[PDB]
Amino acid sequence: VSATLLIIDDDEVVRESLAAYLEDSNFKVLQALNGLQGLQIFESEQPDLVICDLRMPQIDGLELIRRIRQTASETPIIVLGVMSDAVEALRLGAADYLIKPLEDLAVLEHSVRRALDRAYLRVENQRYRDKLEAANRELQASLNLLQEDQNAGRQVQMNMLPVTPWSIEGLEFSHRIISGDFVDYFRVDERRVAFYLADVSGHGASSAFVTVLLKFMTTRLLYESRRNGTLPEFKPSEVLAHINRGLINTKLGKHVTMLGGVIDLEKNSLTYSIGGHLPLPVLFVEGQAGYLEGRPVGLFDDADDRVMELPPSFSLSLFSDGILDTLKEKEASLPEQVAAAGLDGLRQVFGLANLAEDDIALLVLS
Amino acid sequence: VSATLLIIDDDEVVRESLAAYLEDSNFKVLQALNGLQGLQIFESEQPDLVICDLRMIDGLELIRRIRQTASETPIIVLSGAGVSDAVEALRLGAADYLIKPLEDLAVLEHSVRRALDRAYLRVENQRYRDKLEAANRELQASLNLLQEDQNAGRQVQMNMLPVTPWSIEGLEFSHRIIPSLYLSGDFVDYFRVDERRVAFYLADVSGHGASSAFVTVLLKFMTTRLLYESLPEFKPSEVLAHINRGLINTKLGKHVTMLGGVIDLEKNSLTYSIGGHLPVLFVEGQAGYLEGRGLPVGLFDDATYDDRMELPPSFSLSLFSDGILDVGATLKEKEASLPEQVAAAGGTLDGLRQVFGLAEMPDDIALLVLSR
């Protein structure tokens, strides 16, 4: 099972020898006693290669080599006439010319394979241009498909955000994001205000597809309690737990860390609980920013609480995994000093001016 | 600039001649003194094609040296001698052989472009097999990402979907979704309000895709956010107006159809306003279809939504989301004459429509059933 050939020589003796040798090399041999019929055979079916010896009167000679090139059928053609006919062959479009009589049978083989190689080379090479084009025109199509997804995901992501600046009885809230990260704060029983800064791992629509569920996690818990609720006092530590076990329940493949805190206004007391891995929160009293003690992945299923009294005037704020200030060791000791330098107005001044681009999101609680 | 050819011809007069001819035909001619000149030059320059006279120039040995450097550079042999010699050269990969004085001007240039082409093809395709492989690797990776993104797409609905079958004071709600692997836009949700009013609705996002999934989440984010905004409290017909102006504000460009219905259990009545409906009550007797004064898709900024019936003891409603099953072709309206009979056979039971269900779908199907 190999490339088929077509021999056209007047000599039945010579045509007899070459055919056996070629067919012995797995090359299907088509024998053409007379030049004319060798042309008809090509019309019905197209062999991979055509060998022939220019002779007269039976053999067409140049007439044959012309027609094949004019019939839009391009196949290698080896000719076996002297220079006058050999030189022309190459001009008309012949692969190569071989002398007679050749005693070494192999010499014809090599010249035969060069033609096949440089023929199959043009067929495949031209196919790569069509297949590759077909690939990119199917890839760039799904790329623009992803872009429409990135945009769609961002729109619904910006919609879940709280109103800015929304302030309740002297408590101004301001969040600026520039996107898996999300920050929301909705009042509870009026007296208790809850806020958080979720920082979903990863990026893209999938990441923003986790944050959309997150709000559903938190919103539902409040909704789950029928006004009175299961309990009288809302608990931050258990809130992060519901979210936790829920992210395992559903194979999102993303771990989320968020700083949740409920501020009771009647008792002026704040109960918060660090999700696990975030740039520490910055409290702002006496003009000197102070870090708040905080502690995992938030993605475990095992069967803490930070309570603090608050002054009338304070400033508290969160970051979404954004370090621009010398890593880890000093990347946590420098932030505290910078925050007091200027809240929303100061950080804002520092923010931007970088084309580099997890996205950065900050919440200001004044 | 077309190509960089290297000629190694001992004969000054002749070599200069070839230089002028080739140079004119948009070529750079590098004249090599002798066999070694070309060899020392070749290593640094790496020309596209080398043409040298077979006189003794090292001759065949030079070709052997070029084959050793693993270069694919073609080699045209000029053996003007009327002799066994030329063939051995081609044996080493030499392109062709021209017999001097080779007065013929055209032939030489004919054998030159050939080799440069049969080489440019071997380079172009070898570069095509690399870009193609890189394209497929990058393509299949994005599909794997999309698949993973689609998996996360249908897994988010698990928490949002209501419990089935959830029944309150005699009313049984049941919904079963049959996804065709690919995400669908249809999303159904029913919720209780004031414990004295019950609302149910079926939505469907145009076509299918990841974007559609994002639209299904904002619907539950809209229908519920208007709930805690303020015993019939308000009317869905007015609600569809609010949800409409919200969707057109997002600029998503996704078309959503909804089948709303609020029930007052104290008075046993139903107020339904269906936007993209195009509402079947079993009645226990002859199957009846609900009438909606306004059936607008929701795309037009202007809201022309209107609502409209005391519920019977043995109630029996159903909502289908763009689910079309032949029976001739019976498309559209023809399809719509046939289903009333089928629902009756199904006896308004989610289960009986379920048994006919199942058994490749363009869009996943989601239905809601009410039993009383």
# chains A, B, ... in the order shown; residues from 1 in each chain; ligands from 1
>>> interface_residues(of="chain A", to="chain B", cutoff="9 Å", atoms="only C-alpha atoms", output="tab-separated table (two decimals) with N, CA, C and O atoms, in the first residue's frame")
chain	number	residue	atom	x	y	z
A	91	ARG	N	11.25	22.25	-19.27
A	91	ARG	CA	10.61	23.53	-19.54
A	91	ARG	C	9.09	23.41	-19.50
A	91	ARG	O	8.41	24.26	-18.92
A	118	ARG	N	8.60	15.99	-2.85
A	118	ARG	CA	8.40	17.40	-3.16
A	118	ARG	C	7.01	17.66	-3.73
A	118	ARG	O	6.65	18.80	-4.03
A	121	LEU	N	4.82	17.38	-0.36
A	121	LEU	CA	5.25	18.52	0.43
A	121	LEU	C	4.40	19.75	0.13
A	121	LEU	O	4.15	20.57	1.01
A	122	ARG	N	3.96	19.88	-1.12
A	122	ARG	CA	3.15	21.02	-1.54
A	122	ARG	C	1.68	20.82	-1.18
A	122	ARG	O	0.95	21.78	-0.97
A	124	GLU	N	0.57	18.95	1.57
A	124	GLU	CA	0.47	19.10	3.02
A	124	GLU	C	0.72	20.54	3.45
A	124	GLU	O	-0.03	21.09	4.25
A	125	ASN	N	1.78	21.14	2.92
A	125	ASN	CA	2.13	22.52	3.25
A	125	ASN	C	0.98	23.49	2.97
A	125	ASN	O	0.75	24.43	3.73
A	126	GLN	N	0.27	23.24	1.88
A	126	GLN	CA	-0.87	24.08	1.51
A	126	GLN	C	-2.07	23.79	2.42
A	126	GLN	O	-2.96	24.62	2.57
A	128	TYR	N	-1.73	22.99	5.69
A	128	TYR	CA	-1.45	23.62	6.97
A	128	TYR	C	-1.96	25.06	6.97
A	128	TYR	O	-2.39	25.57	8.00
A	129	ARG	N	-1.92	25.69	5.80
A	129	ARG	CA	-2.37	27.07	5.66
A	129	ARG	C	-3.88	27.17	5.80
A	129	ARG	O	-4.41	28.21	6.19
A	131	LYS	N	-5.75	24.57	7.49
A	131	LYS	CA	-6.06	24.01	8.80
A	131	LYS	C	-5.72	24.98	9.93
A	131	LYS	O	-6.50	25.16	10.86
A	132	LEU	N	-4.55	25.60	9.84
A	132	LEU	CA	-4.13	26.59	10.82
A	132	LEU	C	-5.09	27.77	10.82
A	132	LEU	O	-5.47	28.27	11.88
A	133	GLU	N	-5.47	28.22	9.63
A	133	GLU	CA	-6.44	29.30	9.49
A	133	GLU	C	-7.76	28.89	10.12
A	133	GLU	O	-8.40	29.68	10.81
A	135	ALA	N	-8.09	26.87	12.48
A	135	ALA	CA	-7.86	26.80	13.92
A	135	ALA	C	-8.01	28.18	14.57
A	135	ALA	O	-8.79	28.35	15.50
A	136	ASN	N	-7.24	29.15	14.07
A	136	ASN	CA	-7.29	30.51	14.59
A	136	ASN	C	-8.67	31.14	14.45
A	136	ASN	O	-9.10	31.91	15.31
A	138	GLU	N	-11.30	29.63	14.70
A	138	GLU	CA	-12.17	28.93	15.64
A	138	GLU	C	-11.72	29.23	17.07
A	138	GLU	O	-12.48	29.05	18.02
A	139	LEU	N	-10.49	29.70	17.20
A	139	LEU	CA	-9.94	30.07	18.50
A	139	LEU	C	-10.27	31.52	18.83
A	139	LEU	O	-10.82	31.82	19.89
A	140	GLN	N	-9.94	32.43	17.91
A	140	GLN	CA	-10.23	33.84	18.09
A	140	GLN	C	-11.72	34.07	18.25
A	140	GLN	O	-12.15	35.07	18.83
A	142	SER	N	-13.70	31.93	19.93
A	142	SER	CA	-13.97	31.57	21.31
A	142	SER	C	-13.29	32.56	22.26
A	142	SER	O	-13.67	32.68	23.42
A	143	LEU	N	-12.28	33.25	21.75
A	143	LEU	CA	-11.60	34.29	22.52
A	143	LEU	C	-12.53	35.49	22.66
A	143	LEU	O	-12.68	36.04	23.75
A	146	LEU	N	-15.06	34.57	25.05
A	146	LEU	CA	-14.64	34.76	26.43
A	146	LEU	C	-14.73	36.23	26.82
A	146	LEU	O	-15.11	36.57	27.94
A	148	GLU	N	-16.80	38.47	25.75
A	148	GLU	CA	-18.20	38.78	26.02
A	148	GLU	C	-18.60	38.23	27.38
A	148	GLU	O	-19.53	38.73	28.02
A	149	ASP	N	-17.90	37.19	27.82
A	149	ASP	CA	-18.16	36.57	29.12
A	149	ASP	C	-17.50	37.39	30.23
A	149	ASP	O	-18.08	37.57	31.30
A	150	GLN	N	-16.29	37.88	29.97
A	150	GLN	CA	-15.59	38.73	30.92
A	150	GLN	C	-16.39	39.99	31.18
A	150	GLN	O	-16.55	40.42	32.32
A	151	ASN	N	-16.91	40.58	30.10
A	151	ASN	CA	-17.73	41.78	30.21
A	151	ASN	C	-19.02	41.53	30.96
A	151	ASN	O	-19.37	42.26	31.88
A	152	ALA	N	-19.74	40.48	30.56
A	152	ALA	CA	-21.00	40.12	31.20
A	152	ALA	C	-20.81	39.88	32.69
A	152	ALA	O	-21.59	40.37	33.51
A	153	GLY	N	-19.77	39.13	33.03
A	153	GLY	CA	-19.47	38.82	34.42
A	153	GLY	C	-19.14	40.06	35.23
A	153	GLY	O	-19.47	40.14	36.42
A	155	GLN	N	-20.25	43.18	34.62
A	155	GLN	CA	-21.46	43.98	34.77
A	155	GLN	C	-22.26	43.56	35.99
A	155	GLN	O	-22.59	44.38	36.85
A	156	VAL	N	-22.56	42.27	36.08
A	156	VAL	CA	-23.32	41.73	37.21
A	156	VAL	C	-22.51	41.81	38.50
A	156	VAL	O	-23.06	41.77	39.59
A	159	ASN	N	-22.88	45.35	39.85
A	159	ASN	CA	-24.26	45.59	40.27
A	159	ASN	C	-24.53	45.16	41.71
A	159	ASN	O	-25.38	45.74	42.39
A	160	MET	N	-23.81	44.14	42.17
A	160	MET	CA	-23.98	43.64	43.52
A	160	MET	C	-23.38	44.59	44.55
A	160	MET	O	-23.69	44.51	45.74
A	205	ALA	N	-14.40	35.53	34.77
A	205	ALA	CA	-15.82	35.31	34.98
A	205	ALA	C	-16.07	34.23	36.03
A	205	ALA	O	-17.00	34.33	36.82
A	206	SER	N	-15.22	33.20	36.02
A	206	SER	CA	-15.33	32.10	36.98
A	206	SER	C	-15.15	32.60	38.41
A	206	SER	O	-15.87	32.18	39.32
A	209	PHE	N	-17.86	34.47	39.39
A	209	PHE	CA	-18.98	33.53	39.43
A	209	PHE	C	-19.04	32.91	40.82
A	209	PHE	O	-20.01	32.25	41.18
A	210	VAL	N	-17.98	33.13	41.59
A	210	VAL	CA	-17.93	32.69	42.98
A	210	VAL	C	-18.45	33.80	43.89
A	210	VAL	O	-19.14	33.54	44.87
A	212	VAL	N	-20.64	36.04	43.13
A	212	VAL	CA	-22.08	36.15	42.97
A	212	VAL	C	-22.79	35.16	43.88
A	212	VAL	O	-23.90	35.42	44.35
A	213	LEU	N	-22.14	34.03	44.14
A	213	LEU	CA	-22.69	33.02	45.04
A	213	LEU	C	-22.48	33.46	46.47
A	213	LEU	O	-23.32	33.21	47.34
A	216	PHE	N	-25.04	35.55	47.80
A	216	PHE	CA	-26.18	34.67	48.02
A	216	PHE	C	-26.01	33.90	49.32
A	216	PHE	O	-26.99	33.61	50.01
A	217	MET	N	-24.77	33.58	49.66
A	217	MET	CA	-24.47	32.89	50.91
A	217	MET	C	-24.83	33.79	52.09
A	217	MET	O	-25.54	33.37	53.01
A	246	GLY	N	-19.92	25.76	52.16
A	246	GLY	CA	-20.66	25.91	50.92
A	246	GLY	C	-19.75	25.88	49.71
A	246	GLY	O	-20.14	25.42	48.64
A	250	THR	N	-19.99	22.87	46.71
A	250	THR	CA	-19.91	23.09	45.27
A	250	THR	C	-18.45	23.16	44.83
A	250	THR	O	-17.67	23.95	45.37
A	251	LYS	N	-18.09	22.33	43.86
A	251	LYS	CA	-16.71	22.27	43.38
A	251	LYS	C	-16.34	23.51	42.56
A	251	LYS	O	-16.23	23.45	41.34
A	252	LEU	N	-16.17	24.63	43.26
A	252	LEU	CA	-15.76	25.87	42.61
A	252	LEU	C	-14.27	25.85	42.30
A	252	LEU	O	-13.82	26.45	41.32
A	253	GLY	N	-13.51	25.15	43.13
A	253	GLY	CA	-12.07	25.05	42.96
A	253	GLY	C	-11.36	26.33	43.35
A	253	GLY	O	-10.23	26.58	42.93
>>> residues_around(residues="region 278-292 of chain B", least_positions_apart="5", cutoff="12 Å", atoms="only C-alpha atoms", output="ChimeraX atom specification")
/B:201-202,204,237,257-261,270-273,297,304-309,311-324,332-333,335-349,367-372
>>> write_last_selection(atoms="C-alpha atoms", output="PDB file, in the first residue's frame")
ATOM      1  CA  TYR B 201     -42.200  32.644  37.831  1.00  0.00           C
ATOM      2  CA  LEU B 202     -40.372  30.965  34.952  1.00  0.00           C
ATOM      3  CA  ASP B 204     -35.631  31.949  29.923  1.00  0.00           C
ATOM      4  CA  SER B 237     -47.284  43.499  35.889  1.00  0.00           C
ATOM      5  CA  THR B 257     -38.886  35.970  28.788  1.00  0.00           C
ATOM      6  CA  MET B 258     -40.817  35.501  32.033  1.00  0.00           C
ATOM      7  CA  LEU B 259     -44.105  33.981  33.184  1.00  0.00           C
ATOM      8  CA  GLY B 260     -45.163  35.744  36.377  1.00  0.00           C
ATOM      9  CA  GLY B 261     -47.932  34.859  38.804  1.00  0.00           C
ATOM     10  CA  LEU B 270     -54.168  34.548  41.061  1.00  0.00           C
ATOM     11  CA  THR B 271     -52.776  37.653  39.366  1.00  0.00           C
ATOM     12  CA  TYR B 272     -50.504  36.699  36.472  1.00  0.00           C
ATOM     13  CA  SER B 273     -48.603  38.870  34.001  1.00  0.00           C
ATOM     14  CA  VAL B 297     -40.549  40.275  25.290  1.00  0.00           C
ATOM     15  CA  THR B 304     -46.756  47.706  28.295  1.00  0.00           C
ATOM     16  CA  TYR B 305     -47.122  44.926  30.859  1.00  0.00           C
ATOM     17  CA  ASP B 306     -50.611  44.044  32.072  1.00  0.00           C
ATOM     18  CA  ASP B 307     -51.901  41.342  34.415  1.00  0.00           C
ATOM     19  CA  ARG B 308     -55.172  39.477  34.948  1.00  0.00           C
ATOM     20  CA  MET B 309     -58.833  34.664  38.161  1.00  0.00           C
ATOM     21  CA  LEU B 311     -58.496  29.518  41.680  1.00  0.00           C
ATOM     22  CA  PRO B 312     -60.583  26.301  41.636  1.00  0.00           C
ATOM     23  CA  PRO B 313     -60.377  23.722  44.464  1.00  0.00           C
ATOM     24  CA  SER B 314     -58.488  21.223  42.302  1.00  0.00           C
ATOM     25  CA  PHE B 315     -55.983  23.600  40.701  1.00  0.00           C
ATOM     26  CA  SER B 316     -53.472  22.490  38.078  1.00  0.00           C
ATOM     27  CA  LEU B 317     -51.035  24.863  36.351  1.00  0.00           C
ATOM     28  CA  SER B 318     -47.871  24.452  34.265  1.00  0.00           C
ATOM     29  CA  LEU B 319     -45.043  26.487  32.727  1.00  0.00           C
ATOM     30  CA  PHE B 320     -42.728  25.384  29.914  1.00  0.00           C
ATOM     31  CA  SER B 321     -39.592  27.239  28.811  1.00  0.00           C
ATOM     32  CA  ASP B 322     -39.025  27.147  25.047  1.00  0.00           C
ATOM     33  CA  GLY B 323     -39.621  23.402  24.794  1.00  0.00           C
ATOM     34  CA  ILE B 324     -40.828  22.340  21.351  1.00  0.00           C
ATOM     35  CA  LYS B 332     -45.215  27.095  16.038  1.00  0.00           C
ATOM     36  CA  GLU B 333     -49.011  27.389  16.195  1.00  0.00           C
ATOM     37  CA  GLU B 335     -47.381  22.748  17.943  1.00  0.00           C
ATOM     38  CA  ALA B 336     -49.614  24.891  20.149  1.00  0.00           C
ATOM     39  CA  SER B 337     -52.854  23.124  19.279  1.00  0.00           C
ATOM     40  CA  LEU B 338     -51.394  19.717  20.151  1.00  0.00           C
ATOM     41  CA  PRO B 339     -50.023  20.381  23.686  1.00  0.00           C
ATOM     42  CA  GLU B 340     -53.351  21.079  25.409  1.00  0.00           C
ATOM     43  CA  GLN B 341     -54.430  17.502  24.742  1.00  0.00           C
ATOM     44  CA  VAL B 342     -51.076  16.150  25.947  1.00  0.00           C
ATOM     45  CA  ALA B 343     -51.181  18.049  29.241  1.00  0.00           C
ATOM     46  CA  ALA B 344     -54.599  16.498  29.859  1.00  0.00           C
ATOM     47  CA  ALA B 345     -53.147  13.041  29.261  1.00  0.00           C
ATOM     48  CA  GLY B 346     -50.428  14.080  31.710  1.00  0.00           C
ATOM     49  CA  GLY B 347     -53.045  15.242  34.169  1.00  0.00           C
ATOM     50  CA  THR B 348     -51.170  18.419  35.131  1.00  0.00           C
ATOM     51  CA  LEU B 349     -48.712  16.208  37.030  1.00  0.00           C
ATOM     52  CA  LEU B 367     -40.697  23.502  33.932  1.00  0.00           C
ATOM     53  CA  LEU B 368     -42.728  24.486  36.993  1.00  0.00           C
ATOM     54  CA  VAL B 369     -45.844  22.669  38.194  1.00  0.00           C
ATOM     55  CA  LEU B 370     -48.536  23.645  40.698  1.00  0.00           C
ATOM     56  CA  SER B 371     -50.910  21.140  42.292  1.00  0.00           C
ATOM     57  CA  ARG B 372     -53.932  21.910  44.472  1.00  0.00           C
TER      58      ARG B 372
END
>>> residues_around(residues="residue 306 (chain A)", least_positions_apart="3", cutoff="10 Å", atoms="only C-alpha atoms", output="NGL selection string")
:A and (236-237 or 261 or 270-274 or 292-295)
>>> write_last_selection(atoms="N, CA and C atoms", output="PDB file, in the first residue's frame")
ATOM      1  N   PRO A 236     -20.641  36.733  63.559  1.00  0.00           N
ATOM      2  CA  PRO A 236     -19.709  36.824  62.431  1.00  0.00           C
ATOM      3  C   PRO A 236     -18.938  35.528  62.184  1.00  0.00           C
ATOM      4  N   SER A 237     -18.505  34.871  63.256  1.00  0.00           N
ATOM      5  CA  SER A 237     -17.701  33.660  63.130  1.00  0.00           C
ATOM      6  C   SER A 237     -18.441  32.544  62.396  1.00  0.00           C
ATOM      7  N   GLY A 261     -17.262  41.617  59.636  1.00  0.00           N
ATOM      8  CA  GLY A 261     -17.423  42.307  60.902  1.00  0.00           C
ATOM      9  C   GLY A 261     -18.783  42.957  61.061  1.00  0.00           C
ATOM     10  N   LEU A 270     -17.960  46.311  68.122  1.00  0.00           N
ATOM     11  CA  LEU A 270     -17.712  45.629  66.858  1.00  0.00           C
ATOM     12  C   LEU A 270     -17.220  44.204  67.077  1.00  0.00           C
ATOM     13  N   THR A 271     -17.901  43.249  66.455  1.00  0.00           N
ATOM     14  CA  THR A 271     -17.472  41.858  66.495  1.00  0.00           C
ATOM     15  C   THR A 271     -17.088  41.403  65.093  1.00  0.00           C
ATOM     16  N   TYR A 272     -15.800  41.154  64.884  1.00  0.00           N
ATOM     17  CA  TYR A 272     -15.310  40.749  63.573  1.00  0.00           C
ATOM     18  C   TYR A 272     -14.551  39.428  63.639  1.00  0.00           C
ATOM     19  N   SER A 273     -14.295  38.844  62.472  1.00  0.00           N
ATOM     20  CA  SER A 273     -13.559  37.590  62.384  1.00  0.00           C
ATOM     21  C   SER A 273     -12.875  37.465  61.027  1.00  0.00           C
ATOM     22  N   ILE A 274     -11.547  37.466  61.039  1.00  0.00           N
ATOM     23  CA  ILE A 274     -10.767  37.390  59.809  1.00  0.00           C
ATOM     24  C   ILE A 274     -11.010  36.081  59.067  1.00  0.00           C
ATOM     25  N   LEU A 292      -5.185  45.514  63.345  1.00  0.00           N
ATOM     26  CA  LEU A 292      -6.112  44.748  64.163  1.00  0.00           C
ATOM     27  C   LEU A 292      -5.685  43.291  64.113  1.00  0.00           C
ATOM     28  N   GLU A 293      -5.609  42.648  65.271  1.00  0.00           N
ATOM     29  CA  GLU A 293      -5.204  41.255  65.307  1.00  0.00           C
ATOM     30  C   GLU A 293      -6.188  40.436  64.502  1.00  0.00           C
ATOM     31  N   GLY A 294      -5.656  39.543  63.678  1.00  0.00           N
ATOM     32  CA  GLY A 294      -6.468  38.687  62.841  1.00  0.00           C
ATOM     33  C   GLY A 294      -5.783  37.364  62.607  1.00  0.00           C
ATOM     34  N   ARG A 295      -6.560  36.349  62.253  1.00  0.00           N
ATOM     35  CA  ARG A 295      -6.006  35.028  62.000  1.00  0.00           C
ATOM     36  C   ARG A 295      -6.226  34.604  60.553  1.00  0.00           C
TER      37      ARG A 295
END
>>> select_by_dssp(residues="region 74-295 of chain B", states="alpha helix (DSSP H)", output="PyMOL selection string")
chain B and resi 85-90+105-155+157-160+210-223+236-250
>>> residues_around(residues="residue 2 (chain A)", least_positions_apart="2", cutoff="12 Å", atoms="only C-alpha atoms", output="ChimeraX atom specification")
/A:4-5,22-29,47-49,113,116
>>> write_last_selection(atoms="N, CA and C atoms", output="short mmCIF file (atom, residue, chain, number, x, y, z; two decimals), in the first residue's frame")
data_model
loop_
_atom_site.label_atom_id
_atom_site.label_comp_id
_atom_site.auth_asym_id
_atom_site.auth_seq_id
_atom_site.Cartn_x
_atom_site.Cartn_y
_atom_site.Cartn_z
N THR A 4 0.90 5.28 -5.98
CA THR A 4 0.76 4.63 -7.28
C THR A 4 1.48 5.41 -8.38
N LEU A 5 2.07 4.67 -9.32
CA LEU A 5 2.81 5.28 -10.42
C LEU A 5 2.21 4.89 -11.77
N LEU A 22 9.32 -1.53 -9.61
CA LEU A 22 8.55 -0.50 -8.91
C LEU A 22 7.44 -1.13 -8.07
N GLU A 23 6.71 -2.07 -8.66
CA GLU A 23 5.64 -2.76 -7.96
C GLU A 23 6.20 -3.60 -6.82
N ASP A 24 7.49 -3.88 -6.88
CA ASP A 24 8.17 -4.63 -5.83
C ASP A 24 8.50 -3.70 -4.67
N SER A 25 8.53 -2.40 -4.94
CA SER A 25 8.76 -1.40 -3.91
C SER A 25 7.44 -0.82 -3.41
N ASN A 26 6.36 -1.57 -3.63
CA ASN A 26 5.02 -1.19 -3.18
C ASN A 26 4.40 -0.04 -3.97
N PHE A 27 4.97 0.26 -5.14
CA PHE A 27 4.41 1.29 -6.01
C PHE A 27 3.50 0.68 -7.06
N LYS A 28 2.19 0.89 -6.92
CA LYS A 28 1.24 0.47 -7.93
C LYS A 28 1.69 0.97 -9.30
N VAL A 29 1.88 0.05 -10.24
CA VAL A 29 2.34 0.43 -11.57
C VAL A 29 1.22 0.34 -12.60
N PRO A 47 -2.88 9.12 -11.18
CA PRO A 47 -1.77 8.47 -10.48
C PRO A 47 -0.89 9.50 -9.78
N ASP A 48 -0.09 9.06 -8.82
CA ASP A 48 0.77 9.98 -8.07
C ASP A 48 1.96 10.45 -8.90
N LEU A 49 2.40 9.61 -9.84
CA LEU A 49 3.56 9.93 -10.67
C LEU A 49 3.44 9.30 -12.05
N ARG A 113 11.28 9.11 -5.82
CA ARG A 113 10.87 9.50 -4.48
C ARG A 113 11.02 11.00 -4.22
N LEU A 116 7.86 12.49 -5.43
CA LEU A 116 6.77 12.22 -4.50
C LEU A 116 6.90 13.08 -3.24
#
>>> atom_distance(atom1="CA of residue 32 (chain B)", atom2="CA of residue 45 (chain B)")
12.1 Å
>>> residues_around(residues="residue 36 (chain B)", least_positions_apart="4", cutoff="10 Å", atoms="only C-alpha atoms", output="ChimeraX atom specification")
/B:8,32,40-42,57-58,62
